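Trainee:
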Amino acid sequence: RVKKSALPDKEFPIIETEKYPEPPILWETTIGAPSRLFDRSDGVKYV
Amino acid sequence: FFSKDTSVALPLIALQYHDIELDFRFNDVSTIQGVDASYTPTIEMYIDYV
Amino acid sequence: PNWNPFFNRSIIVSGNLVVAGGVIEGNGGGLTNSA
Amino acid sequence: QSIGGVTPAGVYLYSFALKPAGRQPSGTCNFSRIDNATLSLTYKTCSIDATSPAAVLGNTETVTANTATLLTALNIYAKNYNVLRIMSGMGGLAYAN
Amino acid sequence: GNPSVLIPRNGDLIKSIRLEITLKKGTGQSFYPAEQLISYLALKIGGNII
Amino acid sequence: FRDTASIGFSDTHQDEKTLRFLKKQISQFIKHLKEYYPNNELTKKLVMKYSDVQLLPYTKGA
Amino acid sequence: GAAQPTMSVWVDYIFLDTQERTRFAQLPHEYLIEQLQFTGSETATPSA
Amino acid sequence: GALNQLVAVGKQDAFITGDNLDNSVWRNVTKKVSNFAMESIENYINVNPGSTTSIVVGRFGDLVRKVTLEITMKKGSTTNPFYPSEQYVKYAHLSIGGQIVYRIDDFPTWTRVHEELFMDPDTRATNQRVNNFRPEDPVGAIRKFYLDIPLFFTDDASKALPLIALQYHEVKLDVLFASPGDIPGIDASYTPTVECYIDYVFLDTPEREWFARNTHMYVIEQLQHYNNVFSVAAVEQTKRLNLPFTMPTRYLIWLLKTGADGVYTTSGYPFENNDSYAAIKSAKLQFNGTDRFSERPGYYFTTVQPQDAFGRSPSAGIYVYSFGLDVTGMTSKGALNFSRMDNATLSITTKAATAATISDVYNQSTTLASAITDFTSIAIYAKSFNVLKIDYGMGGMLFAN
Amino acid sequence: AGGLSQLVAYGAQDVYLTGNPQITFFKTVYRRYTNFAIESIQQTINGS
Amino acid sequence: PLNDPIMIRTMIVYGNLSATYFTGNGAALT
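Chains as they are written, first to last, in the deposited numbering: chain D, 99 to 145; chain A, 152 to 201; chain Z, 6 to 40; chain W, 341 to 437; chain R, 52 to 101; chain S, 5 to 66; chain G, 196 to 243; chain L, 3 to 403; chain X, 2 to 49; chain F, 7 to 36.
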């Protein structure tokens, strides 16, 4: 039995041991393109 | 813990293999010393997504 | 802790003042309290 | 003309399609290219006493029963096309709005 | 028994969760009912309480 | 919730045919008394009796 | 006046140490398990 | 749903959307500070028989931030006291190396101003909870009050007294307690017990060594006090008061008092927000004979200047004008240098002391209660800048005053 | 006015509906059939 | 704020009180 100050307080590395057979994919989602706004730039200035 | 500050919002997209579960418990409505009624409260949760 | 305890002085009321329980004071006022 | 069925009173249809009940596209109104669309309604005069059959069953198309003023909710439904694109286990609608 | 929620993937980050409770007045005069109807709340990541 | 990578369909590993399963296996080996064969050639019996797979790479860019 | 029951299901979870959970996640497994089969039927027995 | 907000974008958004670099509000850019410890080490106080007692800050740590002066007293009357902990303290002079560097003169007056000007409803109400005791408690009840002395280094930890860097001399403050039996009105022939608890910060060796060895220069505030006699009559009298102040200041506060109690208005009560009980009709500041602005009404100084300077307005009788645009933060943003201008003047016009029974027959805008004739003095406070240099174990002021 | 207000309302969403048409609904070509005729002829019934 | 003047279970006031109307039981002086 060792005094508290010398005990580990690091917990189990559950992130590193799982080893999922299929590595991560970027969870992209979409509501499509707002096509009613095509060829309607708001960057056009008066001259 | 993540609602204290915008910036430490839960990076749900970054947690692709296991999900986030919030468990909690309710008192019978009658428990409150000043309880108002034997009325089943409607209880519904909203989550703010970024 | 604010407004839930009592007051210092000089409460001005633009409306009614309603109590349940009892009121501990007495003075001239409306039509009664003067006979 | 459009579906070949019986629509009860108080339900109205205007189609842009030859066969709106079908799946094969047969004519559409693309409201993503219309800046301003309105539906203009004209209401009947609700002067007939609902409790008197002599008037409820005895009048013209321009009038209806006084209890009709309770039909205050206007529900306008639009049915359109979109494209659902699915690739590599993920998908979503091709066009927004 | 003990309720819980799974957070659905309706966005990239979770910034806040709040719970909507609807109930009635019945002369009792109670303080913060919304809080006193709940006895326990925890959040766990992958079954691990944090 | 967990971006669950496989379909997890009821037909993942199971074989639901019938005892016709054995008729096919009989045709691969013996005339009629099939009873003794798996006790002598179990290795071939096990290798030739299970299912196959397909590859879905599900790549990610950056 | 009979009360409705309150129900809860307890599940015993095993946490494995470092080498075995790492291996379990990656290696194939075979378990020998037991099924229960059942269909109902009916009887008829005379008194005499 | 909300994703529509991100697709329906264009050039107009270019002025609010950031670059691809980590300037977003998420993916937090974590800041970290070194490890430290803090301790509240009690200070012994020498006997205070209605006289000065010296509180000496010993080297029991590296930095000291705040001084808590605790007084235990009992109520001797049915009158509810008004900040009895601050009324008991009459002044506190802070010296470094034997040189006086900060003074709080007419102490209950400055701290009531300080509390109304600087403390928010929760901090203000709390400061009252540890200094006032006003339930209808019996006479003779004993309570301890916890009064924080508003010294220049208490507002932000980073300006805490760099004591580890002052190896050749100490720092002390002389606190005097004039009397329990004069103004509080709650005396019970009881000598209050006074204790002082101060904090220390302890830093680890990397910063402790750097800090104790390197030269430091702290920009600090100093409090300057002036008072004069300020009577008010039944006619609109004026006063032209010299302002004997030095050094750049961020603001100045002046108030009229009945120096018998903590009351700055004719109401006879604290915290009156009705200008009908306040004397000043208008005022202007003047420097070397030239006017800084057109005369503004008295109410302007009690309710408008405070909005830009503090985000908080005191009760009537307390008048403030600022020179900077922020007077509570640490960064100096505008100040007027009273050491370069030779003649600083405060010009006050008062209202006529002709009114009575104010709730019924108060005149319109040029009068106040005649009870103002019982006012005796005006006090003026200002916060000036100076520099505390610490070099080779000795500290002091660059600009002597 | 009229249908023209809908016809000109051509957008990106229509490439999946009208772009590169294969058909029209107003020019039907019917397929020709082998010439045949239908006749009703009565049969007899054996037995009572 | 000073716009929901509703109290529960306690009250005492030092100074005078001013109001339009009133209600409650009576244990009053004079």
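Here a beta-carbon is modelled for each residue, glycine too, at the ideal position from N, C-alpha and C.
Look up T251/L in the DSSP assignment and give the residues it is bridged to.
Mentor: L338/L, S386/L
Trainee: Given that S158/A touches chain L, what residues does it touch there, using C-beta distances under 7 angstroms?
Mentor: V27, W28, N30
Trainee: Helix, strand or coil: how does DSSP classify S278/L here?
Mentor: helix
Trainee: So, with DSSP's three-state summary, where would you put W256/L?
Mentor: Note: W256/L maps to strand in three-state DSSP.
Trainee: Residues of the region 373–395 of chain W with a CB closer than 9 angstroms to any CB of chain X: list them in chain order, please.
Mentor: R373, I374
Trainee: Since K241/L sits in a beta bridge, which residues does DSSP pair it with?
Mentor: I350/L
Trainee: With DSSP run on the structure shown, which of helix, strand or coil describes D124/L?
Mentor: Here DSSP, grouped into helix, strand and coil, assigns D124/L to helix.
Trainee: Taking only runs that begin and end inside the region 167–194 of chain L, name each unbroken beta strand (DSSP E) of 3 or more residues, in chain order.
Mentor: 173–178, all fully within the region 167–194 of chain L.
Trainee: Can you give the Cα-Cα distance for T333/L and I222/L, rounded to whole angstroms?
Mentor: 11 angstroms
Trainee: So that I know if they touch, is there some Cβ in chain D lying closer than 9 angstroms to that of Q14/X?
Mentor: yes
Trainee: Can you tell me the Cα-Cα spacing of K286/L and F120/L, whole angstroms?
Mentor: 24 angstroms
Trainee: Measure from the alpha carbon of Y220/L to the alpha carbon of each residue in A39/L, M399/L, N30/L, then state which is nearest.
Mentor: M399/L
Trainee: Would you call the region 302–322 of chain L and the region 246–266 of chain L touching, i.e. three or more CB-CB distances under 8 angstroms?
Mentor: A contact exists between the region 302–322 of chain L and the region 246–266 of chain L.
Trainee: Let's see if you can read the secondary structure: which residues bound the alpha helix (DSSP H) around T304/L?
Mentor: Taken as a continuous stretch (DSSP letters only), the alpha helix (DSSP H) holding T304/L covers 300–305.
Trainee: Just mark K76/R as buried or exposed, buried being the case when its beta carbon has 16 or more other beta carbons within 10 Å.
Mentor: exposed
Trainee: Going by the CB atoms, is the gap between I101/R and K95/R shorter than 9 angstroms?
Mentor: yes
Trainee: How is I11/S classed by DSSP in three states: helix, strand or coil?
Mentor: Here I11/S sits in coil by DSSP.
Trainee: May I have the straight-line CA-CA distance separating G331/L from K385/L, to the nearest angstrom?
Mentor: Rounded to the nearest angstrom, the two C-alpha atoms are 13 angstroms apart.
Trainee: Could you tell me which chain D residues have their CB closer than 7 angstroms to the CB of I171/A, listed as they occur along the chain?
Mentor: The premise fails here: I171/A is roughly 14 angstroms from chain D at the closest Cβ pair, so nothing lies under 7 angstroms.
Trainee: Using 8 angstroms as the Cβ pair cut-off and three pairs as the minimum, do the region 239–251 of chain L and the region 344–357 of chain L touch?
Mentor: Yes: the two stretches touch, three or more of their Cβ pairs being nearer than 8 angstroms.
Trainee: Apply the 10 Å Cβ neighbour rule to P308/L and answer buried if 16 or more other Cβ atoms are within range, or exposed otherwise.
Mentor: buried
Trainee: By Cβ distance, which residues of its chain are closer than 6 angstroms to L358/W, with the 5 residues on each side in sequence left out?
Mentor: Around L358/W: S366, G367.
Trainee: Can you check whether the C-beta of residue 54/D is within less than 9 angstroms of a C-beta belonging to chain R?
Mentor: Nothing can be reported for residue 54/D: it is not among the residues displayed for chain D, which extend from 99 to 145.
Trainee: Identify the continuous alpha helix (DSSP H) that holds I68/R and give its terminal residues.
Mentor: No alpha helix (DSSP H) contains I68/R, which is instead part of the beta strand (DSSP E) from 65–73.
Trainee: Using three-state DSSP, classify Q7/X as helix, strand or coil.
Mentor: helix
Trainee: Between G429/W and chain S, is the shortest Cβ-Cβ distance under 9 angstroms, so that the two count as touching?
Mentor: yes
Trainee: According to DSSP, simplified to helix, strand and coil, what is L165/L?
Mentor: helix
Trainee: Might you give, ordered along the chain, the residues of its own chain that have their beta carbon closer than 8 angstroms to the beta carbon of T347/L, omitting 5 neighbours on each side?
Mentor: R242, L243, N244, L245, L287, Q288, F289
Trainee: Since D176/L and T70/L are thought to touch, with beta carbons under 8 angstroms apart, how far apart are those beta carbons, to the nearest angstrom?
Mentor: Taking C-beta atoms under 8 angstroms as the contact rule, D176/L and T70/L fail to qualify, at a distance of about 17 angstroms.
Trainee: State yes or no: is the C-beta of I188/L within less than 9 angstroms of the C-beta of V66/L?
Mentor: no
Trainee: Since residue 2/L contacts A262/L with CB under 8 angstroms, what's their CB separation in whole angstroms?
Mentor: Missing from the structure shown is residue 2/L; chain L here goes from 3 to 403 and no further.
Trainee: Going straight from the alpha carbon of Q169/L to that of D64/L, what length do you get?
Mentor: 11 angstroms
Trainee: Could you check the C-alpha separation between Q221/G and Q214/G for me, to the nearest Å?
Mentor: The straight-line gap from Cα to Cα measures roughly 11 angstroms.
Trainee: Applying the 10 Å Cβ sphere with the 16-neighbour rule, what's the burial state of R134/D?
Mentor: buried
Trainee: Pull up the CB-CB distance for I183/A and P84/R, whole angstroms please, since I reckon it's below 8 angstroms.
Mentor: 6 angstroms
Trainee: Identify the continuous alpha helix (DSSP H) that holds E88/L and give its terminal residues.
Mentor: For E88/L, the enclosing alpha helix (DSSP H) has its first and last residue at 86–90.
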